[PDB]
Each structure stands twice: as C-alpha cells, then as structure tokens.
Amino acid sequence: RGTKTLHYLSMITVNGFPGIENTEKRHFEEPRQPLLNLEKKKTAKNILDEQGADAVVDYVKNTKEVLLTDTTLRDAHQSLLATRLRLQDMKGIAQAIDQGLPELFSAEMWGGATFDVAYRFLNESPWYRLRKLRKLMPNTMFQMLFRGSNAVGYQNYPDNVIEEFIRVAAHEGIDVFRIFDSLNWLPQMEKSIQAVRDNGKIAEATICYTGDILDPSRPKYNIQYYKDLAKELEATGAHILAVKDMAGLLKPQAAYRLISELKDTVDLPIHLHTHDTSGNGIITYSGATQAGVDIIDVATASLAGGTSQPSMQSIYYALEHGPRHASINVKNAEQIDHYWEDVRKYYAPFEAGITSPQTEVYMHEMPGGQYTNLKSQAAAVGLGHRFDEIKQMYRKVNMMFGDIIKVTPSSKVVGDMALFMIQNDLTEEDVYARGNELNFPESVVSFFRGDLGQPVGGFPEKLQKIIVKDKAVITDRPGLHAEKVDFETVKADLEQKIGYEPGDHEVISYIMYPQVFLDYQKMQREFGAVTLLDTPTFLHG
Ligand SMILES: [Mg+2]
Ligand SMILES: [Mn+2]
C-alpha cells in the first residue's frame, strides 16, 4: 500500500497528471468547515425506509413548499468541472450536507458521466463512492441518472443486465432512479421503471424537453405531445414524473404552461431539472413554482450557474416572500457553499473558463457536455475557428434528421454529423444528392439503424436509405437483439482476469465497461487506492 502510494506520488511528481498541463503544486488553505444550526426533521429517506415509496409520493404531494434536489455531487461538477470531482472532497462535506440540509428531497450523486469518468480518470470505483457517501449520509435520498436501456453504459445490454444493475444499485444505496430515454421512447423506459418498482425504490419517469411549446413553427413537440407522454408514463406506474431540460431550453412562460398542463393531465408529482445556460434558470424554476411543480433540481452557489443548475440559495431568496417558499435551511446552505468554493479552487485545470449567459442555446440546442465535446473535436481536427458555423450546421442537421431529442447519446449523433458535414463541405442538398458515395460517421449510421431506438415520428425515409446502405434496420428495442449475458460465466471470467473473487457490483461494472474496469483494476494493482489522496496531491504530486 505504501509502495503503491510513493509510486503514484513519484509518477505524478515527475511525469505530471495526464491530460492537464504540468504545473507546480500551489499551497491551498484548509477548506472552511461549516457552522451549522442543526434541526432534527424526518426526511424523505426516513419515509422511504419506514413506509415505502408511495408514502414518499404522498409526502411530496402534501408538501406545499417546493422541494429541492441537490445536484452538486453529480451534475454541477459534470457541467463545470468535467465530472472530475473526487470522493475526498465530497466526503469532507457529506455529513454536513446530510445534517445541515435535511429538507432536501434527494441528492443527485450517481449516474450520468460519473460512473465512467471516476473509473477512467479519477481511478476510483463509483460503487466505493456510493458506499462511502451512503455511510456518511444515512438520512438523504440518493438520486441517480439512469438511462432506461443502457443503465450507465453505452453498449447494448439485455434486460436481465439492466435489472441486475438496478438491483445492485438499489442494494448499495440508490433511492431515486431518474429513468430517461434519449429519444423519449417508452419501451426503453418501461422495463427499468418496473425493475425499480420491484426493488422498492422510487422510479422517476423522465420527459426530455426539446424545442419550444410556445412556438407554433415547431409543432412536433407541442403541449399535446408532452401531455400524451406524461399519460403513458403515468400508465407505467412510475412514482414521480420528471422533466429533463438538458440544454436549458425551457423558457419561464413555457415552464409555467408546461407544468400547469401536465398538472391537470397526471396526478404524479412533477420534478423539473434545468440548466442555467441561458441565464433564465431561476425565473424558469419560479414560473414552474407558480404552476405547482413539486421538486426542482438545484446546485450549490459556488458550483451553480453557466452550464450547471440554478443556485439553491438564490432560488430560496427568489421565492422567500411568495406564495410558495423553498424548503431549505439557507444559512446552512451558504455555510456548505463556503466549503464548496474552497474545494472548487482545487479543480483549476478542469475549469472551462470565463462563462457568460448564452442564449444561442435556444438556436442550436446543444447540451453543455455536447458543446464542450464538439468544441474539443473541432479544435482537434483544425476547424476550431469555424465553431459558429459548426453550431449553425448542428441546428441544420437537427432539422434535417427530423427534429430529434438531443441528449447523450443522441446529441453526439447530431454533433458527429455536423462535424462531418463541416469537414467535407456538404450541404443538405449535397447529402441528399451524393450521399451514396458518402461514408457517414458510425454514430449517425447506428442511429439510423435503430440502435438508439425509435425517434418521435420515425426517421426521414430518404435520408435513412441514404445513410445506411446495406446494413439491417431494426424497428424494435435493441435490447431484444442484445447478446445474452450469463452472470456466472462473466463472474468466473472476471475472477480469472483480476486476482480475486469479484462482487456483484464488480461483475456489473465489468459488463457495462469491459476495458475501462480492467484498466481501473490494473491501475489499482499499480498505484493502489489513490482516492484517499487529497486533490492537489492527486493532481500535482
Ligand atoms: Mg408539493
Ligand atoms: Mn442535467
């Protein structure tokens, strides 16, 4: 253990940290520990543990105030710090979050990019992070972002694999599963919702908001589409209806109209998740609060704004004297935000830069992760000076594909198409004419084969035959055609590859990420548990 520790320390000291500029270690002060005025309240986690998920739904329904879900541990640092927030910085404040903020509905700490990024770059197990945070926060519900068909991975998986992931995640401490589909397709979400219900946890059926319901020029995603989707999601038996605004597209008037119209439609509580990219996140949450939204997704102030969530303290002060107040202790929240600012000072190499509110997201509708990835891709191929034209081409490609819902991985399809069109100097007419000779990117080909599912209204028929030439096109769930996985065989093979008997979580991690888990195990054998190091020492040695 010690030998591995000085091995990692010497490696980082001499060769630097991979992916960041080699820089001498700055001296940091100790992060400020909060002074909390503690109150003992019965949280939603106590209700879930004692009386179940339906009692949690009843408690949310009977709460006149708007509940808050803290996205600091997942989405705030996914948007701002490239998901690089380490478990050490979280566990410095996890107990303070659990005790000083018992009014929180849940804390989003898992799913999304965290599962892959922790293994690949932070060299720490996300299961280990979940276990440590669960021990430190016994009275906080743990929210996770769950893709309905692929769980946290990106490959095609059978239904039993997704069910096993749900069972193991619920056993290890995930309480709320925010289940979403990239194309808002119900069959991808139905089985995951049913498995979350069978494990006794809270299933959040999620609608991804795209376009503008108040714009009649785009009637594909109008209020009737969202009402029908909410009715279908209510039919699945999900406890809470969720509305994901991945790019901050929901305008406050549209927010009020959408939340009200969903409110007379279904009786589920409504959870709204938005980003502050346009700078309108606070007023969007306020307009949803007047319409009667139940839970909204907020982040701590030092990790809020920009591509991240709206601030929890600011949304408290925005609704302080209105008809509905935010359910939070704002003094404890500010005391915690002091620590979060101090530890955000550690992650200077991963900062995006100077950030201003951008209303161009109303035009290209790119999520912040897709925005950063496409900017880096354009910089790599020598087209970084044409990023405005790349964004225009992104909007045009989204319209060409039939106005699809753009989130991971469907936003990557549009980004790859836009980059390929900019690279080869192609217009819409050029693709419709010379697309037979063209070799489209594999993500676009996989999307038009049906590997991502079926989009709303189907594919454009001519563009589909242009993009996929002789490859087979499926019209049903790709998980039905997934190659069968036997957990005993995978467990035995993993016991051969790594030098010990794996747990259920390790087998399920090997199934989601085969090469990434093996690389993590090799780095664990070489460098040990580097998660115990502090972040300046972890990055600079
Ligand atoms: Mg309520
Ligand atoms: Mn988000």
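### Some remarks on the coordination of the manganese ion (ligand 2)
Around the manganese ion (ligand 2), the protein contributes the donor atoms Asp75 (OD), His273 (NE2) and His275 (NE2), which lie 2.2 to 2.3 Å from the metal centre. For the manganese ion (ligand 2), the donor residues sit on a single chain with the sequence spacing D-x197-H-x1-H. Of this pair, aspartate 75 sits in helix α4 (residues 72–80) while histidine 275 sits in the loop between β7 (270–274) and α13 (281–291), and the two are 200 residues apart along the sequence. According to the relative accessible area criterion, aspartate 75 is buried, its value standing at 3%.

### Considerations on the coordination of the magnesium ion (ligand 1)
Distances from the magnesium ion (ligand 1) to its protein donors, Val60 (O) and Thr63 (O), fall within 2.4 to 2.7 Å. You can call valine 60 buried: its relative accessible area is 1%. What makes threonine 63 buried here is its relative accessible area of 19%.

### Quick notes on unusual backbone geometry
A cis amide bond links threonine 408 to the next residue, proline 409, at an omega of 0°. Along the chain, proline 409 turns up in the loop between α18 (387–400) and α19 (410–424). Residues other than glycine seldom take positive phi values, yet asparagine 123 does so here, at roughly 55°. Along the polypeptide, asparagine 123 turns up in the loop between α7 (114–122) and α8 (126–136).

### Describing the side chain of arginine 324
Examined against the element boundaries, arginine 324 turns out to sit in the loop between α14 (312–318) and α15 (330–344). For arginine 324, which is buried and forms no salt bridge, the nearest opposite charge comes from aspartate 294, at a distance of 5.6 Å. In this structure the side chain of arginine 324 is engaged in a polar contact, spanning 2.7 Å, whose partner is the backbone oxygen of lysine 64. One polar contact links the side chain of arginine 324 to the main-chain carbonyl oxygen of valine 293, over a distance of 2.6 Å. Those residues in contact with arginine 324 that sit more than four places away from it in its chain are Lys64, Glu65, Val66, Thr289, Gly292, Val293, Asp294 and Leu319.

Rules behind the numbers
- Residues numbered from 1 in each chain as written, not as in the entry; some residues may be left out.
- Chains lettered and ligands numbered in written order.
- Heavy atoms only, no water.
- Donors = N, O, S within 2.8 Å, 3.2 Å for Na, K, Ca; no water.
- Helix = DSSP H or I, 4+ residues; strand = E, 2+ residues; numbered from the N terminus.
- Buried < 20%, exposed > 50% of the residue type's maximum accessible area, 1.4 Å probe, protein only.
- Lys, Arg positive; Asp, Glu negative; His and termini not counted.
- Salt bridge = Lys/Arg side-chain N within 4 Å of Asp/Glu carboxyl O.
- Polar contact = N/O pair within 3.5 Å; in protein donor to acceptor, adjacent residues only side chain to side chain.
- Contact = heavy atoms within 4.5 Å.

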